[PDB]
């Protein structure tokens, strides 16, 4: 008798999954941002992973530390100890993620990490550094996490494969499966899924394109399609596409990141289009929206926006 396939992520809605913690309300990919977001109501974290010269997975978006810290160089060239001393709020400006090159007054949390400014109450300086993935897992034992495998450059496929291999090894020892793992690079997803078959995954680019354009279903193990609002001038997070994805048994998670505005009108439209989660840059704002409309949430029934 074939294993009945029932996808639990289809009842995990609606999800507020803080994008990198919420890169417009807090310094991205820091424990501070993550802890802040969950207290303000985030159901799930979205984070990015790279590996250091000594093969530690760290939580950072870009391949270089230059945009988000007071340092310079690539993550792959730095040991975890060199990465962890940097100020990961160095360039943070509310409403604008990380923008280097402004007057020092622009940056309300620059210097908390290195001891020049006092941390917000109840946090420590280390909350404003680049964290080990292992420390994020240890800090969030009962919180789901969406983990995106990053690389060194679009052309450096092995660095994706290297990171996918490390990620599976570390995730497998936790015993947890309340993750969704994905990558823009399709091979890395297949490599992760080979080494850790029990962790839920979402497809990469060619997998999304194949399903969105041709109807070809994604790789075995996919529990959700994780999509931008728009890609190459075409609208992706439409009600039609999400209704078809639910009919095929996948949940849908929508992110913004410049393909559409992070604002109340856009959040409300994507909620209206039946998506199972949004990845806001403004997690407190999305939480205010979900509450006042009384939208249904995991373990809290309510309004269905469909």
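Positions refer to the first chain, counted from 1.
Comparing the deposited coordinates for 144 to 152 and 227 to 235, the stretch with the larger average C-alpha B-factor is 227 to 235. The stretch 6 to 14 shows the higher mean C-alpha B-factor when 282 to 290 is compared against 6 to 14 in the entry. Looking at the C-alpha B-factors along this chain, the one for residue 87 belongs to the lowest third. For residue 96, the recorded CA temperature factor ranks within the lowest third of the chain's modelled residues. Sort the chain's modelled residues by C-alpha temperature factor and residue 119 lands in the middle third, per the entry. Per the deposited record, the Cα B-factor of residue 179 falls in the middle third when ranked against the other modelled residues of its chain. In the PDB entry, residue 70 places in the middle third of its chain by CA B-factor.
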